[PDB]
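*Asks:* My file is final05.cif. It has mmCIF, C-alpha atoms and all ligand atoms:
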data_work
#
loop_
_atom_site.label_atom_id
_atom_site.label_comp_id
_atom_site.auth_asym_id
_atom_site.auth_seq_id
_atom_site.Cartn_x
_atom_site.Cartn_y
_atom_site.Cartn_z
CA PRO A 1 19.59 18.76 -309.96
CA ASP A 2 16.55 16.77 -308.84
CA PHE A 3 17.11 14.15 -311.54
CA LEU A 4 20.39 13.04 -309.93
CA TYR A 5 18.80 13.21 -306.48
CA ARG A 6 15.95 10.86 -307.35
CA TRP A 7 18.31 8.46 -309.13
CA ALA A 8 20.76 8.52 -306.22
CA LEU A 9 17.89 7.68 -303.88
CA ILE A 10 16.62 4.88 -306.11
CA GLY A 11 20.09 3.37 -306.34
CA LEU A 12 20.76 3.64 -302.61
CA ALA A 13 17.38 2.08 -301.82
CA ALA A 14 17.96 -0.70 -304.36
CA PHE A 15 21.47 -1.33 -302.98
CA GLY A 16 20.15 -1.41 -299.43
CA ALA A 17 17.43 -3.92 -300.31
CA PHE A 18 19.83 -6.20 -302.15
CA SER A 19 22.44 -5.86 -299.39
CA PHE A 20 19.92 -6.87 -296.72
CA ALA A 21 19.15 -10.12 -298.55
CA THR A 22 22.76 -11.12 -299.26
CA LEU A 23 24.18 -10.11 -295.85
CA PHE A 24 21.85 -12.57 -294.12
CA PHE A 25 24.06 -15.27 -295.70
CA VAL A 26 27.48 -13.73 -296.38
CA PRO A 27 28.69 -11.00 -293.99
CA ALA A 28 30.64 -8.07 -295.36
CA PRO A 29 34.26 -9.34 -295.38
CA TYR A 30 35.92 -6.95 -292.93
CA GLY A 31 36.71 -7.25 -289.26
CA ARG A 32 36.08 -10.68 -287.79
CA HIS A 33 34.41 -11.80 -291.04
CA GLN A 34 37.41 -11.05 -293.25
CA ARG A 35 38.33 -14.14 -295.24
CA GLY A 36 40.81 -14.69 -298.00
CA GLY A 37 39.85 -14.37 -301.62
CA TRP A 38 38.24 -10.92 -301.46
CA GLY A 39 40.74 -9.27 -303.80
CA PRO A 40 43.53 -6.83 -302.97
CA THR A 41 43.79 -5.36 -299.48
CA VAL A 42 44.69 -1.97 -298.03
CA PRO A 43 45.91 -0.75 -294.63
CA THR A 44 42.91 -1.02 -292.33
CA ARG A 45 43.16 2.32 -290.51
CA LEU A 46 43.79 4.38 -293.66
CA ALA A 47 40.88 2.62 -295.36
CA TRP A 48 38.52 3.68 -292.56
CA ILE A 49 39.60 7.33 -292.70
CA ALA A 50 39.71 7.61 -296.49
CA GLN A 51 36.42 5.79 -297.03
CA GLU A 52 34.51 7.82 -294.40
CA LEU A 53 35.96 11.22 -295.33
CA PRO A 54 33.44 11.86 -298.18
CA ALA A 55 30.55 11.84 -295.70
CA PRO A 56 31.56 14.94 -293.67
CA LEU A 57 33.27 16.59 -296.64
CA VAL A 58 30.78 16.10 -299.49
CA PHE A 59 27.92 16.87 -297.09
CA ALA A 60 29.49 20.19 -296.07
CA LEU A 61 30.32 21.01 -299.70
CA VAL A 62 26.76 20.43 -300.96
CA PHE A 63 25.25 21.98 -297.81
CA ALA A 64 27.05 25.27 -298.42
CA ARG A 65 26.03 25.13 -302.10
CA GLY A 66 22.39 25.49 -301.01
CA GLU A 67 20.67 28.83 -300.54
CA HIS A 68 19.40 27.85 -297.09
CA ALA A 69 22.83 27.10 -295.60
CA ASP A 70 22.20 30.16 -293.38
CA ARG A 71 18.97 28.87 -291.76
CA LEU A 72 18.73 27.65 -288.17
CA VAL A 73 17.25 24.16 -288.68
CA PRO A 74 19.57 23.27 -291.62
CA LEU A 75 22.50 24.40 -289.46
CA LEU A 76 21.35 22.26 -286.55
CA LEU A 77 21.07 19.32 -288.96
CA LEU A 78 24.60 20.07 -290.23
CA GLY A 79 25.68 20.01 -286.58
CA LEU A 80 24.20 16.55 -286.03
CA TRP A 81 25.76 15.19 -289.24
CA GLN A 82 29.21 16.52 -288.43
CA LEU A 83 28.97 15.43 -284.79
CA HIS A 84 28.51 11.91 -286.12
CA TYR A 85 30.98 12.00 -288.99
CA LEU A 86 33.85 13.92 -287.42
CA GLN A 87 33.71 11.22 -284.75
CA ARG A 88 33.30 8.43 -287.33
CA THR A 89 36.15 9.74 -289.51
CA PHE A 90 38.70 11.27 -287.11
CA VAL A 91 38.00 9.72 -283.68
CA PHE A 92 36.84 6.10 -284.09
CA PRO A 93 39.48 5.08 -286.69
CA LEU A 94 42.38 6.80 -284.94
CA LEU A 95 41.65 5.01 -281.67
CA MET A 96 40.53 1.64 -283.02
CA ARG A 97 42.53 -1.51 -282.25
CA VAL A 98 42.99 -2.60 -285.81
CA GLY A 99 43.40 -6.38 -285.51
CA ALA A 100 44.25 -7.48 -289.03
CA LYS A 101 46.55 -4.82 -290.46
CA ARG A 102 44.82 -4.93 -293.88
CA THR A 103 41.23 -4.99 -295.10
CA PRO A 104 39.66 -5.59 -298.55
CA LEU A 105 39.83 -2.70 -300.97
CA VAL A 106 36.49 -3.56 -302.57
CA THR A 107 34.67 -3.02 -299.27
CA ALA A 108 36.44 0.30 -298.71
CA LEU A 109 35.62 1.46 -302.26
CA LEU A 110 31.94 0.63 -301.71
CA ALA A 111 31.92 2.68 -298.49
CA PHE A 112 33.76 5.58 -300.18
CA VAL A 113 31.24 5.71 -303.03
CA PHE A 114 28.25 5.22 -300.74
CA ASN A 115 29.41 8.10 -298.56
CA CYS A 116 29.87 10.33 -301.61
CA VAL A 117 26.32 9.72 -302.83
CA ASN A 118 24.68 9.61 -299.40
CA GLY A 119 26.48 12.71 -298.15
CA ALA A 120 25.54 14.76 -301.20
CA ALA A 121 21.92 13.58 -301.26
CA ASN A 122 21.33 14.29 -297.59
CA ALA A 123 22.78 17.80 -297.77
CA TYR A 124 20.99 18.53 -301.06
CA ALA A 125 17.59 17.78 -299.52
CA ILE A 126 18.27 20.28 -296.70
CA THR A 127 19.68 23.54 -298.09
CA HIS A 128 18.62 23.46 -301.78
CA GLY A 129 15.36 24.39 -303.47
CA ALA A 130 12.53 25.72 -301.32
CA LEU A 131 13.06 26.09 -297.58
CA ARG A 132 11.12 23.27 -295.96
CA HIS A 133 13.11 23.22 -292.71
CA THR A 134 11.67 26.50 -291.52
CA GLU A 135 11.68 27.76 -287.97
CA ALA A 136 8.16 26.25 -287.74
CA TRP A 137 9.77 22.80 -288.14
CA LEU A 138 11.92 23.61 -285.11
CA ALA A 139 8.65 23.78 -283.15
CA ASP A 140 7.41 20.46 -284.63
CA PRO A 141 7.67 17.48 -282.24
CA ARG A 142 9.09 15.35 -285.05
CA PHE A 143 12.24 17.46 -285.13
CA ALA A 144 12.62 17.48 -281.34
CA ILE A 145 12.06 13.74 -280.96
CA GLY A 146 14.16 12.98 -284.03
CA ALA A 147 17.08 15.03 -282.74
CA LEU A 148 16.87 13.36 -279.34
CA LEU A 149 16.82 9.88 -280.85
CA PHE A 150 19.78 10.95 -282.99
CA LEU A 151 21.77 12.05 -279.94
CA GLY A 152 20.67 9.06 -277.86
CA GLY A 153 21.64 6.54 -280.53
CA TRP A 154 24.88 8.42 -281.21
CA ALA A 155 25.75 8.34 -277.50
CA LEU A 156 25.03 4.62 -277.23
CA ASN A 157 27.09 3.95 -280.36
CA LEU A 158 30.08 5.92 -279.00
CA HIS A 159 29.84 4.28 -275.57
CA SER A 160 29.64 0.85 -277.19
CA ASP A 161 32.67 1.31 -279.48
CA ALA A 162 34.68 2.67 -276.52
CA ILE A 163 34.10 -0.51 -274.50
CA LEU A 164 35.32 -2.59 -277.45
CA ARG A 165 38.52 -0.55 -277.71
CA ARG A 166 39.70 -1.63 -274.33
CA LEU A 167 39.17 -5.36 -275.04
CA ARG A 168 42.42 -5.06 -277.00
CA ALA A 169 45.61 -3.43 -275.92
CA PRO A 170 47.22 -1.74 -278.95
CA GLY A 171 48.85 -4.32 -281.20
CA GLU A 172 46.61 -7.21 -280.08
CA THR A 173 44.24 -9.19 -282.30
CA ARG A 174 42.23 -11.08 -279.67
CA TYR A 175 38.45 -11.15 -279.27
CA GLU A 176 36.94 -11.00 -275.78
CA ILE A 177 33.37 -11.22 -274.55
CA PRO A 178 32.28 -7.57 -274.23
CA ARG A 179 30.69 -6.78 -270.88
CA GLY A 180 28.99 -3.82 -269.20
CA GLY A 181 26.98 -1.00 -270.69
CA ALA A 182 24.38 -2.28 -273.12
CA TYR A 183 26.41 -5.45 -273.82
CA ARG A 184 24.61 -6.59 -270.71
CA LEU A 185 21.64 -6.91 -273.15
CA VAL A 186 22.84 -7.19 -276.78
CA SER A 187 25.93 -8.37 -278.63
CA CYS A 188 26.08 -5.29 -280.91
CA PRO A 189 24.90 -2.19 -279.01
CA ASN A 190 27.10 -0.09 -281.31
CA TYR A 191 24.94 -1.23 -284.24
CA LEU A 192 21.77 -0.72 -282.19
CA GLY A 193 22.84 2.84 -281.38
CA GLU A 194 23.66 3.69 -284.98
CA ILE A 195 20.39 2.21 -286.29
CA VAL A 196 18.39 4.30 -283.81
CA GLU A 197 20.61 7.28 -284.60
CA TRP A 198 19.78 7.38 -288.31
CA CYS A 199 16.11 6.67 -287.57
CA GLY A 200 16.29 9.87 -285.53
CA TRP A 201 17.99 11.56 -288.48
CA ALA A 202 15.13 10.43 -290.75
CA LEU A 203 12.55 11.86 -288.35
CA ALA A 204 14.32 15.20 -287.87
CA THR A 205 15.01 15.73 -291.59
CA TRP A 206 11.74 14.25 -292.90
CA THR A 207 13.51 13.85 -296.25
CA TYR A 208 13.61 10.94 -298.65
CA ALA A 209 17.40 11.05 -298.35
CA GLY A 210 17.28 10.74 -294.56
CA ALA A 211 14.69 7.96 -294.78
CA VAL A 212 16.73 6.01 -297.34
CA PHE A 213 19.82 6.29 -295.11
CA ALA A 214 17.94 5.04 -292.04
CA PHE A 215 16.69 2.15 -294.16
CA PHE A 216 20.16 1.46 -295.54
CA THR A 217 21.81 1.49 -292.09
CA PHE A 218 19.27 -1.04 -290.85
CA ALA A 219 19.62 -3.09 -294.07
CA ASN A 220 23.36 -3.33 -293.43
CA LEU A 221 23.81 -3.46 -289.62
CA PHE A 222 20.87 -5.67 -288.72
CA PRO A 223 22.25 -8.72 -290.62
CA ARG A 224 25.76 -7.84 -289.48
CA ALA A 225 24.64 -7.91 -285.84
CA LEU A 226 23.11 -11.35 -286.42
CA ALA A 227 26.38 -12.55 -287.94
CA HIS A 228 28.40 -11.11 -285.02
CA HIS A 229 25.98 -12.77 -282.60
CA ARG A 230 26.29 -16.14 -284.34
CA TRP A 231 30.08 -15.69 -284.40
CA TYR A 232 30.18 -14.98 -280.64
CA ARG A 233 28.08 -18.02 -279.79
CA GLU A 234 30.44 -20.33 -281.70
CA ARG A 235 33.72 -18.70 -280.67
CA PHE A 236 32.78 -18.69 -276.94
CA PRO A 237 31.13 -21.68 -275.21
CA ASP A 238 31.32 -19.02 -272.52
CA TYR A 239 28.96 -16.55 -274.24
CA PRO A 240 25.82 -15.45 -272.31
CA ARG A 241 22.82 -17.29 -273.74
CA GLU A 242 20.38 -14.56 -272.69
CA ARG A 243 21.95 -11.89 -274.92
CA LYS A 244 20.16 -10.92 -278.10
CA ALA A 245 21.88 -9.81 -281.28
CA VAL A 246 20.63 -6.20 -281.64
CA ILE A 247 17.17 -5.57 -280.18
CA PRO A 248 17.09 -6.00 -276.38
CA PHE A 249 15.00 -9.03 -275.38
CA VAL A 250 13.89 -9.62 -278.99
CA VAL A 251 16.40 -10.67 -281.69
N1 LIG A 301 25.97 3.20 -290.80
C1 LIG A 301 26.37 2.07 -291.37
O1 LIG A 301 25.71 1.52 -292.26
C2 LIG A 301 27.64 1.47 -290.91
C3 LIG A 301 28.36 2.15 -289.97
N2 LIG A 301 29.31 1.52 -289.22
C4 LIG A 301 29.63 2.00 -287.84
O2 LIG A 301 31.03 2.14 -287.73
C5 LIG A 301 31.52 1.49 -286.53
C6 LIG A 301 32.41 0.34 -286.92
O3 LIG A 301 31.59 -0.80 -287.29
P1 LIG A 301 32.25 -2.26 -287.27
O4 LIG A 301 33.71 -2.14 -287.58
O5 LIG A 301 31.42 -3.19 -288.10
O6 LIG A 301 32.08 -2.65 -285.73
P2 LIG A 301 32.58 -3.91 -284.87
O7 LIG A 301 31.93 -3.86 -283.53
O8 LIG A 301 32.42 -5.14 -285.69
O9 LIG A 301 34.14 -3.57 -284.71
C7 LIG A 301 34.52 -2.27 -284.20
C8 LIG A 301 35.92 -2.35 -283.62
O10 LIG A 301 35.88 -3.09 -282.38
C9 LIG A 301 36.68 -4.25 -282.49
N3 LIG A 301 35.98 -5.35 -281.83
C10 LIG A 301 34.71 -5.79 -282.08
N4 LIG A 301 34.35 -6.80 -281.33
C11 LIG A 301 35.45 -7.05 -280.53
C12 LIG A 301 35.70 -8.00 -279.53
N5 LIG A 301 34.81 -8.92 -279.14
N6 LIG A 301 36.91 -7.98 -278.93
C13 LIG A 301 37.80 -7.06 -279.32
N7 LIG A 301 37.68 -6.12 -280.25
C14 LIG A 301 36.47 -6.16 -280.83
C15 LIG A 301 36.91 -4.48 -283.98
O11 LIG A 301 38.14 -5.15 -284.20
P3 LIG A 301 38.04 -6.05 -285.54
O12 LIG A 301 37.73 -5.09 -286.67
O13 LIG A 301 39.38 -6.73 -285.71
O14 LIG A 301 36.91 -7.04 -285.30
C16 LIG A 301 36.96 -3.05 -284.50
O15 LIG A 301 38.25 -2.47 -284.33
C17 LIG A 301 30.28 1.14 -285.70
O16 LIG A 301 29.98 2.17 -284.76
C18 LIG A 301 29.20 0.99 -286.77
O17 LIG A 301 27.90 1.28 -286.28
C19 LIG A 301 29.96 0.44 -289.76
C20 LIG A 301 29.39 -0.30 -290.69
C21 LIG A 301 28.18 0.17 -291.40
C1 LIG A 302 27.61 23.43 -281.21
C2 LIG A 302 28.54 22.25 -281.34
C3 LIG A 302 28.61 21.77 -282.79
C4 LIG A 302 29.50 20.54 -282.91
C5 LIG A 302 29.28 19.84 -284.25
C6 LIG A 302 30.56 19.16 -284.72
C7 LIG A 302 31.30 18.51 -283.56
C8 LIG A 302 32.81 18.56 -283.76
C9 LIG A 302 33.48 17.59 -282.82
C10 LIG A 302 33.46 16.29 -283.09
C11 LIG A 302 34.13 15.32 -282.14
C12 LIG A 302 33.07 14.65 -281.27
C13 LIG A 302 33.61 13.38 -280.62
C14 LIG A 302 32.83 13.04 -279.36
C15 LIG A 302 33.74 12.43 -278.30
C16 LIG A 302 34.26 11.07 -278.75
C17 LIG A 302 34.01 10.01 -277.67
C18 LIG A 302 35.11 8.98 -277.72
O1 LIG A 302 35.14 8.15 -278.62
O2 LIG A 302 36.14 8.96 -276.70
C19 LIG A 302 36.69 7.71 -276.27
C20 LIG A 302 37.66 7.96 -275.12
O3 LIG A 302 38.53 9.05 -275.45
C21 LIG A 302 38.49 6.71 -274.88
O4 LIG A 302 37.68 5.55 -275.13
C1 LIG A 303 28.80 -9.85 -299.52
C2 LIG A 303 28.53 -8.36 -299.37
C3 LIG A 303 27.09 -8.04 -299.78
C4 LIG A 303 27.03 -6.68 -300.46
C5 LIG A 303 26.33 -5.65 -299.57
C6 LIG A 303 27.21 -5.16 -298.42
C7 LIG A 303 28.07 -3.98 -298.87
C8 LIG A 303 28.92 -3.47 -297.71
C9 LIG A 303 28.35 -2.12 -297.26
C10 LIG A 303 28.62 -1.01 -297.93
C11 LIG A 303 28.03 0.33 -297.48
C12 LIG A 303 29.03 1.16 -296.67
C13 LIG A 303 28.32 2.34 -296.01
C14 LIG A 303 28.79 2.59 -294.57
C15 LIG A 303 30.30 2.44 -294.38
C16 LIG A 303 30.57 1.15 -293.61
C17 LIG A 303 32.05 0.88 -293.29
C18 LIG A 303 32.49 -0.46 -293.90
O1 LIG A 303 31.85 -0.84 -294.83
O2 LIG A 303 33.59 -1.22 -293.42
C19 LIG A 303 34.80 -0.77 -293.98
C20 LIG A 303 36.02 -1.59 -293.60
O3 LIG A 303 35.99 -1.98 -292.26
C21 LIG A 303 37.32 -0.82 -293.85
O4 LIG A 303 37.46 -0.58 -295.22
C1 LIG A 304 24.85 19.65 -282.80
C2 LIG A 304 23.48 20.31 -282.84
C3 LIG A 304 22.52 19.63 -281.88
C4 LIG A 304 21.07 20.00 -282.20
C5 LIG A 304 20.13 19.55 -281.09
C6 LIG A 304 18.68 19.86 -281.45
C7 LIG A 304 17.75 19.46 -280.31
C8 LIG A 304 16.38 20.12 -280.47
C9 LIG A 304 15.51 19.77 -279.29
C10 LIG A 304 14.41 20.47 -279.04
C11 LIG A 304 14.03 21.62 -279.95
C12 LIG A 304 13.63 22.82 -279.11
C13 LIG A 304 12.20 23.26 -279.42
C14 LIG A 304 12.18 24.67 -280.00
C15 LIG A 304 11.22 25.56 -279.23
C16 LIG A 304 10.62 26.64 -280.14
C17 LIG A 304 9.26 27.08 -279.64
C18 LIG A 304 8.90 28.41 -280.26
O1 LIG A 304 8.53 28.47 -281.42
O2 LIG A 304 8.99 29.63 -279.48
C19 LIG A 304 7.96 29.95 -278.54
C20 LIG A 304 7.08 31.06 -279.10
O3 LIG A 304 7.80 32.29 -279.09
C21 LIG A 304 5.82 31.19 -278.25
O4 LIG A 304 4.75 31.67 -279.06
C1 LIG A 305 14.56 1.48 -282.83
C2 LIG A 305 13.63 2.68 -282.80
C3 LIG A 305 13.68 3.44 -284.12
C4 LIG A 305 13.00 4.80 -283.98
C5 LIG A 305 11.54 4.73 -284.42
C6 LIG A 305 11.21 5.83 -285.42
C7 LIG A 305 11.24 5.31 -286.85
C8 LIG A 305 11.12 6.45 -287.85
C9 LIG A 305 11.72 6.02 -289.17
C10 LIG A 305 11.76 6.88 -290.19
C11 LIG A 305 11.21 8.28 -290.02
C12 LIG A 305 9.96 8.44 -290.89
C13 LIG A 305 10.14 9.56 -291.90
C14 LIG A 305 10.37 9.00 -293.30
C15 LIG A 305 9.64 9.84 -294.35
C16 LIG A 305 10.56 10.93 -294.91
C17 LIG A 305 10.13 11.32 -296.32
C18 LIG A 305 8.81 12.06 -296.25
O1 LIG A 305 7.82 11.52 -295.78
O2 LIG A 305 8.71 13.42 -296.75
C19 LIG A 305 8.89 13.69 -298.14
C20 LIG A 305 7.81 14.65 -298.62
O3 LIG A 305 6.56 13.96 -298.69
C21 LIG A 305 8.18 15.17 -300.01
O4 LIG A 305 7.82 14.20 -300.99
#
Could you write out this file's structure as structure tokens?
Ligand SMILES: NC(=O)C1=CN([C@@H]2O[C@H](COP(=O)(O)OP(=O)(O)OC[C@H]3O[C@@H](n4cnc5c(N)ncnc54)[C@H](OP(=O)(O)O)[C@@H]3O)[C@@H](O)[C@H]2O)C=CC1
Ligand SMILES: CCCCCCCC/C=C/CCCCCCCC(=O)OC[C@H](O)CO
Ligand SMILES: CCCCCCCC/C=C/CCCCCCCC(=O)OC[C@H](O)CO
Ligand SMILES: CCCCCCCC/C=C\CCCCCCCC(=O)OC[C@H](O)CO
Ligand SMILES: CCCCCCCC/C=C\CCCCCCCC(=O)OC[C@H](O)CO

*Replies:*
Amino acid sequence: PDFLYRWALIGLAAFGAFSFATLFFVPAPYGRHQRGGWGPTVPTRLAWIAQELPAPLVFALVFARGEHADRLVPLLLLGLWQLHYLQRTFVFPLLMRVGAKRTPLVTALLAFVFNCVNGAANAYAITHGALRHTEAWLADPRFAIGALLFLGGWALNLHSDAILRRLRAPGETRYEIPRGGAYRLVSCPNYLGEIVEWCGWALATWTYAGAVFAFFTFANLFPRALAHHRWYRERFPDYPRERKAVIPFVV
């Protein structure tokens, strides 16, 4: 029960800290940063769907295994999770312009396993044990603000990935300078949105599992945004010098 939960959290935190350090130097080898020599590859679209599926599925499974699956605040938190992950699993990958037709299996296995552990941990902290997400929490500003940051970051992430989709007609592999929306300010507003999103999750849940996931998302996307930003500035002599990588007007 709680033994596995604490060990899952320790391992996720450890993995996030070590990922942060390494990703400042070597970006995760998918997308524009996919090189040779990363082992066997798999179809890119199937990898995205298969690797993300544990997050909505294992979360719902463990959620329902908790006594408090019938409580209002847990059910609102389930709504936020599934809003994200039904989009991440069954909208984003189906519409994406895939570029390279294959992607490294090792990266997709990491994501699959991460989502298994992270999905279970986050649901476990909500509906199991004592009810901490009472109706009093619904009247706590931390839940309200957290939920609004969740939805704001989610919305920005969705809007940002949609703009990217149209930079490629289906079947194309080209990269274009993204423009409009928040690209007016940062190279990776999709990453900005998702970072803010899971910070909002951490606030609304007030669980160690939510906090570790907000930390892990930052640990992973913040160095990736810097690598994307560096990539843009060397691929395009054209690229706006005023843009930051992730944080408007900062980095
Ligand atoms: N929570 C987390 O820790 C993580 C979650 N995510 C989320 O999942 C989503 C996918 O992330 P990720 O794939 O890294 O996002 P990217 O922005 O790197 O790529 C998303 C899609 O847009 C395409 N694309 C990106 N830039 C351009 C461009 N300049 N011109 C044309 N097409 C472009 C990519 O094609 P191509 O792949 O060929 O570059 C890909 O299909 C994001 O919303 C992200 O926040 C992903 C990683 C970690
Ligand atoms: C009370 C409500 C509870 C609901 C909780 C679970 C929600 C289930 C639905 C998930 C799909 C959401 C997807 C949001 C729309 C996707 C936006 C998008 O990507 O569209 C791009 C456009 O079609 C071209 O670029
Ligand atoms: C050199 C690498 C340093 C090691 C540390 C980095 C590990 C990569 C992140 C794993 C967590 C995944 C959790 C969130 C899912 C992200 C989706 C993804 O990872 O990309 C998949 C790929 O595009 C299609 O298979
Ligand atoms: C997909 C699911 C999306 C979920 C989106 C969640 C957004 C929550 C935002 C604000 C919370 C509302 C505050 C709740 C107000 C309760 C106040 C109260 O306790 O009632 C008044 C009392 O009767 C007088 O004494
Ligand atoms: C870009 C703007 C980002 C948005 C800015 C907001 C940042 C908030 C970050 C995390 C929420 C903090 C909550 C983390 C603490 C959760 C764990 C906890 O404290 O409760 C466990 C309890 O003590 C049983 O031991």

*Asks:* Kindly provide, as a PyMOL selection string, all nucleotide and amino acid residues lying within 6 Å of ligand LIG 303 (chain A), counting only C-alpha atoms and all ligand atoms.

*Replies:* chain A and resi 19+22-23+26-28+30+44+47-48+103+107-108+110-111+114

*Asks:* Could you check the closest approach to residue A:113 for each of A:204, A:196, A:125, A:50 and tell me which residue wins, using all atoms listed in the file?

*Replies:*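 Smallest distance to residue A:113 is found for A:50.
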
*Asks:* For residue A:228, please output as an MDAnalysis selection string all residues within 9 Å (counting only C-alpha atoms; exclusion window: fewer than 6 positions along the same chain).

*Replies:* chainID A and resid 27 32:33 187:188 245

*Asks:* Using all atoms listed in the file, can you tell me which of A:230, A:55, A:238, A:221 comes closest to residue A:83?

*Replies:*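 Counting all atoms listed in the file, the residue closest to residue A:83 is A:55.
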
*Asks:* Please, which residues in chain A fall within 8 Å of ligand LIG 304 (chain A) when counting all atoms listed in the file, and what is the closest atom pair and distance in Å to one decimal for each, ordered by chain then residue number, as a Markdown table?

*Replies:*
| residue | atom | partner | partner_atom | distance |
| --- | --- | --- | --- | --- |
| A:75 | CA | A:LIG304 | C2 | 7.8 |
| A:76 | CA | A:LIG304 | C2 | 4.7 |
| A:77 | CA | A:LIG304 | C2 | 6.7 |
| A:78 | CA | A:LIG304 | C1 | 7.4 |
| A:79 | CA | A:LIG304 | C1 | 3.9 |
| A:80 | CA | A:LIG304 | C1 | 4.5 |
| A:81 | CA | A:LIG304 | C1 | 7.9 |
| A:82 | CA | A:LIG304 | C1 | 7.8 |
| A:83 | CA | A:LIG304 | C1 | 6.2 |
| A:135 | CA | A:LIG304 | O1 | 7.3 |
| A:136 | CA | A:LIG304 | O1 | 6.7 |
| A:138 | CA | A:LIG304 | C14 | 5.2 |
| A:139 | CA | A:LIG304 | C16 | 4.6 |
| A:140 | CA | A:LIG304 | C13 | 7.6 |
| A:141 | CA | A:LIG304 | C13 | 7.9 |
| A:143 | CA | A:LIG304 | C8 | 6.8 |
| A:144 | CA | A:LIG304 | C10 | 4.2 |
| A:145 | CA | A:LIG304 | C9 | 7.1 |
| A:147 | CA | A:LIG304 | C7 | 5.1 |
| A:148 | CA | A:LIG304 | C7 | 6.2 |
| A:151 | CA | A:LIG304 | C5 | 7.8 |

*Asks:* Please indicate the distance in Å from atom CA of residue A:5 to atom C18 of ligand LIG 305 (chain A), rounded to one decimal place.

*Replies:*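 Between atom CA of residue A:5 and atom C18 of ligand LIG 305 (chain A) the gap is 14.3 Å.
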
*Asks:* Compute the set of protein, DNA and RNA residues whose minimum atom distance to ligand LIG 301 (chain A) is at most 9 Å, using only C-alpha atoms and all ligand atoms, and state it as a PyMOL selection string.

*Replies:* chain A and resi 28+30-34+44+48+88+92-93+95-101+111+154+157-158+160-168+172-178+187-195+198+213-214+216-221+224-225+228+232

*Asks:* Keeping only C-alpha atoms, write those residues as a compact mmCIF listing (two decimals), in the coordinates of the input.

*Replies:*
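Ended up saving to part27.txt:
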# COMPACT_ATOMS: atom_id res chain seq x y z
CA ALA A 28 30.64 -8.07 -295.36
CA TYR A 30 35.92 -6.95 -292.93
CA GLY A 31 36.71 -7.25 -289.26
CA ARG A 32 36.08 -10.68 -287.79
CA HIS A 33 34.41 -11.80 -291.04
CA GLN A 34 37.41 -11.05 -293.25
CA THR A 44 42.91 -1.02 -292.33
CA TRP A 48 38.52 3.68 -292.56
CA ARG A 88 33.30 8.43 -287.33
CA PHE A 92 36.84 6.10 -284.09
CA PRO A 93 39.48 5.08 -286.69
CA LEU A 95 41.65 5.01 -281.67
CA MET A 96 40.53 1.64 -283.02
CA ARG A 97 42.53 -1.51 -282.25
CA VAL A 98 42.99 -2.60 -285.81
CA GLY A 99 43.40 -6.38 -285.51
CA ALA A 100 44.25 -7.48 -289.03
CA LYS A 101 46.55 -4.82 -290.46
CA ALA A 111 31.92 2.68 -298.49
CA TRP A 154 24.88 8.42 -281.21
CA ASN A 157 27.09 3.95 -280.36
CA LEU A 158 30.08 5.92 -279.00
CA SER A 160 29.64 0.85 -277.19
CA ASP A 161 32.67 1.31 -279.48
CA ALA A 162 34.68 2.67 -276.52
CA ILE A 163 34.10 -0.51 -274.50
CA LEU A 164 35.32 -2.59 -277.45
CA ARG A 165 38.52 -0.55 -277.71
CA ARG A 166 39.70 -1.63 -274.33
CA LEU A 167 39.17 -5.36 -275.04
CA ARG A 168 42.42 -5.06 -277.00
CA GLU A 172 46.61 -7.21 -280.08
CA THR A 173 44.24 -9.19 -282.30
CA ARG A 174 42.23 -11.08 -279.67
CA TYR A 175 38.45 -11.15 -279.27
CA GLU A 176 36.94 -11.00 -275.78
CA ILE A 177 33.37 -11.22 -274.55
CA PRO A 178 32.28 -7.57 -274.23
CA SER A 187 25.93 -8.37 -278.63
CA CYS A 188 26.08 -5.29 -280.91
CA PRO A 189 24.90 -2.19 -279.01
CA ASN A 190 27.10 -0.09 -281.31
CA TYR A 191 24.94 -1.23 -284.24
CA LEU A 192 21.77 -0.72 -282.19
CA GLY A 193 22.84 2.84 -281.38
CA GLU A 194 23.66 3.69 -284.98
CA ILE A 195 20.39 2.21 -286.29
CA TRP A 198 19.78 7.38 -288.31
CA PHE A 213 19.82 6.29 -295.11
CA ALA A 214 17.94 5.04 -292.04
CA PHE A 216 20.16 1.46 -295.54
CA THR A 217 21.81 1.49 -292.09
CA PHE A 218 19.27 -1.04 -290.85
CA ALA A 219 19.62 -3.09 -294.07
CA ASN A 220 23.36 -3.33 -293.43
CA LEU A 221 23.81 -3.46 -289.62
CA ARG A 224 25.76 -7.84 -289.48
CA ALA A 225 24.64 -7.91 -285.84
CA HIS A 228 28.40 -11.11 -285.02
CA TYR A 232 30.18 -14.98 -280.64

*Asks:* Hey, could you make a per-residue contact list for chain A against ligand LIG 305 (chain A) with 6 Å as the cut-off, showing the nearest pair of atoms and its distance in Å to one decimal, counting all atoms listed in the file, sorted by chain and number, as CSV?

*Replies:*
residue,atom,partner,partner_atom,distance
A:196,CA,A:LIG305,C3,4.8
A:199,CA,A:LIG305,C9,4.7
A:202,CA,A:LIG305,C11,4.5
A:203,CA,A:LIG305,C11,4.2
A:206,CA,A:LIG305,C16,4.1
A:207,CA,A:LIG305,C17,4.2
A:208,CA,A:LIG305,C17,4.2
A:211,CA,A:LIG305,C14,4.7

*Asks:* Using all atoms listed in the file, find the one residue out of A:85, A:201, A:112, A:183 that sits nearest to residue A:60.

*Replies:*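 With all atoms listed in the file as the atom set, the closest residue is A:85.
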
*Asks:* Compare A:250, A:13, A:155, A:109 by their minimum atom-to-atom distance to ligand LIG 302 (chain A), counting only C-alpha atoms and all ligand atoms, and give me the closest one.

*Replies:* A:155
